[PDB]
Every structure is written in C-alpha cells, then in structure tokens.
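Structure file final_22.pdb (PDB, C-alpha atoms) follows.
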```pdb
ATOM      1  CA  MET X   1    -100.951   7.592 -54.309
ATOM      2  CA  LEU X   2     -98.224   9.668 -56.048
ATOM      3  CA  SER X   3     -99.708  13.117 -56.849
ATOM      4  CA  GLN X   4     -97.885  16.232 -58.128
ATOM      5  CA  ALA X   5    -101.057  18.318 -58.633
ATOM      6  CA  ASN X   6    -101.371  22.122 -58.257
ATOM      7  CA  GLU X   7    -103.309  21.689 -54.982
ATOM      8  CA  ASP X   8    -100.562  19.390 -53.617
ATOM      9  CA  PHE X   9     -97.813  21.987 -54.241
ATOM     10  CA  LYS X  10     -99.743  24.674 -52.301
ATOM     11  CA  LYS X  11    -100.786  21.990 -49.764
ATOM     12  CA  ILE X  12     -97.085  21.359 -49.012
ATOM     13  CA  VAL X  13     -96.663  25.113 -48.340
ATOM     14  CA  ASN X  14     -99.736  25.387 -46.051
ATOM     15  CA  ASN X  15     -98.797  22.149 -44.211
ATOM     16  CA  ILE X  16     -95.394  23.482 -43.080
ATOM     17  CA  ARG X  17     -94.837  23.063 -39.303
ATOM     18  CA  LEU X  18     -91.988  23.872 -36.834
ATOM     19  CA  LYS X  19     -91.695  20.124 -36.028
ATOM     20  CA  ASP X  20     -93.230  18.266 -38.994
ATOM     21  CA  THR X  21     -91.453  20.287 -41.725
ATOM     22  CA  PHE X  22     -88.537  22.264 -40.212
ATOM     23  CA  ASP X  23     -86.705  22.263 -36.848
ATOM     24  CA  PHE X  24     -85.544  25.884 -36.367
ATOM     25  CA  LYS X  25     -82.823  27.334 -34.099
ATOM     26  CA  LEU X  26     -82.165  30.875 -32.770
ATOM     27  CA  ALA X  27     -78.688  32.499 -32.962
ATOM     28  CA  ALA X  28     -78.797  33.440 -29.236
ATOM     29  CA  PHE X  29     -80.417  30.094 -28.312
ATOM     30  CA  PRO X  30     -78.292  27.200 -29.754
ATOM     31  CA  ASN X  31     -80.041  24.660 -27.469
ATOM     32  CA  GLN X  32     -83.497  26.209 -27.986
ATOM     33  CA  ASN X  33     -86.760  24.321 -27.449
ATOM     34  CA  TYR X  34     -89.882  25.888 -29.041
ATOM     35  CA  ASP X  35     -91.974  24.057 -26.394
ATOM     36  CA  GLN X  36     -90.680  26.455 -23.674
ATOM     37  CA  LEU X  37     -89.163  29.603 -25.288
ATOM     38  CA  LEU X  38     -91.480  32.631 -24.860
ATOM     39  CA  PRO X  39     -92.786  34.376 -28.068
ATOM     40  CA  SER X  40     -91.237  37.840 -27.425
ATOM     41  CA  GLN X  41     -87.930  36.115 -26.523
ATOM     42  CA  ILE X  42     -87.767  34.106 -29.781
ATOM     43  CA  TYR X  43     -88.593  37.282 -31.760
ATOM     44  CA  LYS X  44     -85.405  38.905 -30.348
ATOM     45  CA  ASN X  45     -83.318  36.675 -32.705
ATOM     46  CA  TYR X  46     -84.821  37.409 -36.173
ATOM     47  CA  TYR X  47     -81.940  39.831 -36.947
ATOM     48  CA  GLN X  48     -79.313  37.704 -35.127
ATOM     49  CA  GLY X  49     -80.007  34.657 -37.327
ATOM     50  CA  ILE X  50     -82.270  31.596 -37.653
ATOM     51  CA  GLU X  51     -81.184  28.066 -38.674
ATOM     52  CA  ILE X  52     -83.585  25.835 -40.696
ATOM     53  CA  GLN X  53     -83.470  22.002 -40.403
ATOM     54  CA  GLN X  54     -85.306  20.687 -43.521
ATOM     55  CA  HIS X  55     -87.700  17.682 -43.708
ATOM     56  CA  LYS X  56     -89.916  18.191 -46.827
ATOM     57  CA  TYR X  57     -89.370  18.567 -50.598
ATOM     58  CA  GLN X  58     -87.273  21.742 -50.158
ATOM     59  CA  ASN X  59     -86.043  21.324 -53.767
ATOM     60  CA  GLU X  60     -89.480  22.721 -54.664
ATOM     61  CA  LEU X  61     -89.866  25.470 -52.012
ATOM     62  CA  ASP X  62     -87.193  27.366 -50.012
ATOM     63  CA  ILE X  63     -87.888  27.912 -46.271
ATOM     64  CA  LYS X  64     -86.791  31.363 -45.017
ATOM     65  CA  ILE X  65     -88.195  32.948 -41.812
ATOM     66  CA  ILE X  66     -88.803  36.724 -42.014
ATOM     67  CA  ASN X  67     -90.201  37.465 -38.522
ATOM     68  CA  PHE X  68     -92.736  36.456 -35.825
ATOM     69  CA  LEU X  69     -96.240  38.031 -35.669
ATOM     70  CA  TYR X  70     -99.354  37.759 -33.465
ATOM     71  CA  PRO X  71    -102.955  36.895 -34.600
ATOM     72  CA  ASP X  72    -103.617  40.663 -35.084
ATOM     73  CA  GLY X  73    -103.753  40.994 -31.275
ATOM     74  CA  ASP X  74    -102.077  42.396 -28.136
ATOM     75  CA  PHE X  75     -98.826  40.975 -26.695
ATOM     76  CA  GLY X  76    -100.759  40.620 -23.415
ATOM     77  CA  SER X  77    -103.206  38.085 -24.911
ATOM     78  CA  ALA X  78    -100.210  36.336 -26.536
ATOM     79  CA  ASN X  79     -99.500  34.748 -23.124
ATOM     80  CA  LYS X  80    -103.027  33.274 -22.804
ATOM     81  CA  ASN X  81    -103.223  31.742 -26.328
ATOM     82  CA  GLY X  82     -99.453  31.244 -26.800
ATOM     83  CA  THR X  83     -99.652  31.137 -30.621
ATOM     84  CA  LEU X  84     -97.425  32.827 -33.234
ATOM     85  CA  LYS X  85     -97.666  33.443 -36.985
ATOM     86  CA  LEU X  86     -94.431  32.255 -38.633
ATOM     87  CA  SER X  87     -93.811  34.593 -41.598
ATOM     88  CA  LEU X  88     -92.023  32.389 -44.177
ATOM     89  CA  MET X  89     -90.976  33.465 -47.684
ATOM     90  CA  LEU X  90     -91.040  30.418 -49.998
ATOM     91  CA  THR X  91     -88.568  31.116 -52.840
ATOM     92  CA  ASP X  92     -89.241  29.267 -56.128
ATOM     93  CA  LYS X  93     -86.407  26.847 -56.962
ATOM     94  CA  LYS X  94     -87.987  26.591 -60.450
ATOM     95  CA  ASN X  95     -89.074  30.242 -61.092
ATOM     96  CA  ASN X  96     -86.727  32.266 -58.799
ATOM     97  CA  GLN X  97     -89.912  34.037 -57.549
ATOM     98  CA  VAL X  98     -91.098  34.345 -53.914
ATOM     99  CA  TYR X  99     -94.364  33.485 -52.093
ATOM    100  CA  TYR X 100     -95.294  34.494 -48.507
ATOM    101  CA  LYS X 101     -97.036  32.200 -45.985
ATOM    102  CA  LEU X 102     -98.005  32.779 -42.332
ATOM    103  CA  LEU X 103     -97.973  29.618 -40.160
ATOM    104  CA  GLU X 104    -100.245  29.583 -37.081
ATOM    105  CA  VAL X 105     -98.227  27.594 -34.493
ATOM    106  CA  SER X 106     -98.492  26.861 -30.734
ATOM    107  CA  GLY X 107     -96.530  25.289 -27.847
ATOM    108  CA  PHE X 108     -94.528  28.270 -26.517
ATOM    109  CA  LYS X 109     -96.786  29.281 -23.583
ATOM    110  CA  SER X 110    -100.439  28.797 -22.500
ATOM    111  CA  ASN X 111    -102.401  30.638 -19.774
ATOM    112  CA  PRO X 112    -106.096  29.877 -20.674
ATOM    113  CA  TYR X 113    -107.578  30.546 -17.193
ATOM    114  CA  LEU X 114    -104.383  32.013 -15.661
ATOM    115  CA  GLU X 115    -104.685  35.521 -17.165
ATOM    116  CA  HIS X 116    -105.999  38.151 -14.725
ATOM    117  CA  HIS X 117    -102.763  40.121 -14.243
ATOM    118  CA  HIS X 118    -103.153  43.903 -13.780
ATOM    119  CA  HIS X 119    -100.201  46.320 -14.130
ATOM    120  CA  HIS X 120    -101.849  49.039 -12.001
ATOM    121  CA  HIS X 121    -105.174  50.505 -10.790
TER     122      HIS X 121
END
```
Rewrite the coordinates I just gave you, this time as structure tokens.
Amino acid sequence: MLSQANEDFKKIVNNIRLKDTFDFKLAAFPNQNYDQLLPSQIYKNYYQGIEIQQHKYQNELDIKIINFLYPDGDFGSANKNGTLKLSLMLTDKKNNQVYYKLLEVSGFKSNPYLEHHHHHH
C-alpha cells in the first residue's frame, strides 16, 4: 500500500516488459507484432528507429532501447528458445545519469522439439 522505497524503484526497472510496461514499434515495421516478428528481423531496425509506448512511471525512469542480444548463445539456438535480451538505458529524470538493464523476453518464435536442422554434412 503506497511505497516509494529504494527496492521499489529498482523493482520498477527490473519489472519492465514489452507488453506490461512499453509497447514498442520498429521503423521498418509500423504494424509490427512482437508475437510473430523473428529476433534477427527485429534487430535490423535498431539503427532505423524504435518507438516507445509508455505505461509506467516514466517520470522516474526513461525507456530507451539500445539493441537486441541473445542469452550469451548462438543465433541457431535462438530459434528453439525464442528469447531476447532487451538492452534498455534508463536515464535519470532526477539525476541526469544513466542505468543499463537487460530484459529477458519471449514470444517471437519457439521450436522446443522442432530443432534438428542441418546446413550440410
């Protein structure tokens, strides 16, 4: 019930989600849906531009997407787990500083038992 504690501030940052906290949009994909767009395809837009639709107390933390990363793994596996790390830089509205936070998200693609594809022998 009403809590502006140090843990809550950081909790807001670690509880940022591409549906709960911000609905994003890619410059080349104006009608994009993160529940179908492939990881490598979304990544192609980080220089072209990304739009942020806010939902949380953004007067406290600024949401800016830097780029899209994997869980320290191969792009091949990326198709089986279908998860990306959203690299966001939270700029202080009250200190003008900047904090970095990776967000482990899913929904793009998922081949759990459908990955046995070989390029060659």
### Task
Could you expand the PyMOL selection byres ((chain X and resi 35-42) around 12) into the explicit residues it covers here, written as a ChimeraX atom specification?
/X:18-19,23-34,43-50,67-70,74-86,105-110
Could you write out the selected residues, including C-alpha atoms, as a PDB file, keeping the file's coordinate frame?
```
ATOM      1  CA  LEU X  18     -91.988  23.872 -36.834  1.00  0.00           C
ATOM      2  CA  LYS X  19     -91.695  20.124 -36.028  1.00  0.00           C
ATOM      3  CA  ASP X  23     -86.705  22.263 -36.848  1.00  0.00           C
ATOM      4  CA  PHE X  24     -85.544  25.884 -36.367  1.00  0.00           C
ATOM      5  CA  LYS X  25     -82.823  27.334 -34.099  1.00  0.00           C
ATOM      6  CA  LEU X  26     -82.165  30.875 -32.770  1.00  0.00           C
ATOM      7  CA  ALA X  27     -78.688  32.499 -32.962  1.00  0.00           C
ATOM      8  CA  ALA X  28     -78.797  33.440 -29.236  1.00  0.00           C
ATOM      9  CA  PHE X  29     -80.417  30.094 -28.312  1.00  0.00           C
ATOM     10  CA  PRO X  30     -78.292  27.200 -29.754  1.00  0.00           C
ATOM     11  CA  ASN X  31     -80.041  24.660 -27.469  1.00  0.00           C
ATOM     12  CA  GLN X  32     -83.497  26.209 -27.986  1.00  0.00           C
ATOM     13  CA  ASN X  33     -86.760  24.321 -27.449  1.00  0.00           C
ATOM     14  CA  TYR X  34     -89.882  25.888 -29.041  1.00  0.00           C
ATOM     15  CA  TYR X  43     -88.593  37.282 -31.760  1.00  0.00           C
ATOM     16  CA  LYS X  44     -85.405  38.905 -30.348  1.00  0.00           C
ATOM     17  CA  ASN X  45     -83.318  36.675 -32.705  1.00  0.00           C
ATOM     18  CA  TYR X  46     -84.821  37.409 -36.173  1.00  0.00           C
ATOM     19  CA  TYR X  47     -81.940  39.831 -36.947  1.00  0.00           C
ATOM     20  CA  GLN X  48     -79.313  37.704 -35.127  1.00  0.00           C
ATOM     21  CA  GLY X  49     -80.007  34.657 -37.327  1.00  0.00           C
ATOM     22  CA  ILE X  50     -82.270  31.596 -37.653  1.00  0.00           C
ATOM     23  CA  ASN X  67     -90.201  37.465 -38.522  1.00  0.00           C
ATOM     24  CA  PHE X  68     -92.736  36.456 -35.825  1.00  0.00           C
ATOM     25  CA  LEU X  69     -96.240  38.031 -35.669  1.00  0.00           C
ATOM     26  CA  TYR X  70     -99.354  37.759 -33.465  1.00  0.00           C
ATOM     27  CA  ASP X  74    -102.077  42.396 -28.136  1.00  0.00           C
ATOM     28  CA  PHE X  75     -98.826  40.975 -26.695  1.00  0.00           C
ATOM     29  CA  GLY X  76    -100.759  40.620 -23.415  1.00  0.00           C
ATOM     30  CA  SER X  77    -103.206  38.085 -24.911  1.00  0.00           C
ATOM     31  CA  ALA X  78    -100.210  36.336 -26.536  1.00  0.00           C
ATOM     32  CA  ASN X  79     -99.500  34.748 -23.124  1.00  0.00           C
ATOM     33  CA  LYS X  80    -103.027  33.274 -22.804  1.00  0.00           C
ATOM     34  CA  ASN X  81    -103.223  31.742 -26.328  1.00  0.00           C
ATOM     35  CA  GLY X  82     -99.453  31.244 -26.800  1.00  0.00           C
ATOM     36  CA  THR X  83     -99.652  31.137 -30.621  1.00  0.00           C
ATOM     37  CA  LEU X  84     -97.425  32.827 -33.234  1.00  0.00           C
ATOM     38  CA  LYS X  85     -97.666  33.443 -36.985  1.00  0.00           C
ATOM     39  CA  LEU X  86     -94.431  32.255 -38.633  1.00  0.00           C
ATOM     40  CA  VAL X 105     -98.227  27.594 -34.493  1.00  0.00           C
ATOM     41  CA  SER X 106     -98.492  26.861 -30.734  1.00  0.00           C
ATOM     42  CA  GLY X 107     -96.530  25.289 -27.847  1.00  0.00           C
ATOM     43  CA  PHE X 108     -94.528  28.270 -26.517  1.00  0.00           C
ATOM     44  CA  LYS X 109     -96.786  29.281 -23.583  1.00  0.00           C
ATOM     45  CA  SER X 110    -100.439  28.797 -22.500  1.00  0.00           C
TER      46      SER X 110
END
```
### Message
So that I can see what lies close to residue 87 (chain X), please list as a PyMOL selection string the residues with an atom at most 6 Å from it, counting only C-alpha atoms and leaving out residues fewer than 4 positions away in the same chain.
### Response
chain X and resi 65-67+101-102
### Message
Suppose a student applies the PyMOL selection byres ((chain X and resi 95-98) around 12) to this structure; what residues should they get, written as a VMD selection string?
### Response
chain X and resid 59 to 64 88 to 94 99 to 101
### Distance in Å - CA of residue 117 (chain X) versus CA of residue 103 (chain X)
28.4 Å
Edge lengths and centre, in Å to one decimal, as AutoDock Vina command-line options: that's what I need for the box along x, y and z that holds all listed atoms of region 98-114 of chain X plus 3 Å on each side.
```
--center_x -99.3 --center_y 29.9 --center_z -34.8 --size_x 22.5 --size_y 15.2 --size_z 44.3
```
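The space separating CA of residue 56 (chain X) from CA of residue 4 (chain X) comes to 14.0 Å.
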#### Entry: Distance in Å - CA of residue 51 (chain X) versus CA of residue 10 (chain X)
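Result for CA of residue 51 (chain X) versus CA of residue 10 (chain X): 23.3 Å, one decimal.
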### Query
Of the candidates X:52, X:58, X:120, X:114, which one gets nearest to residue 13 (chain X) if we count only C-alpha atoms?
X:58
### Query
Of the candidates X:55, X:112, X:121, X:104, which shows the shortest atom-to-atom distance to residue 12 (chain X), using only C-alpha atoms?
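The answer is X:55, which sits nearest to residue 12 (chain X).
Nearest to residue 15 (chain X) of all the residues X:71, X:111, X:2, X:57 is X:57, counting only C-alpha atoms.
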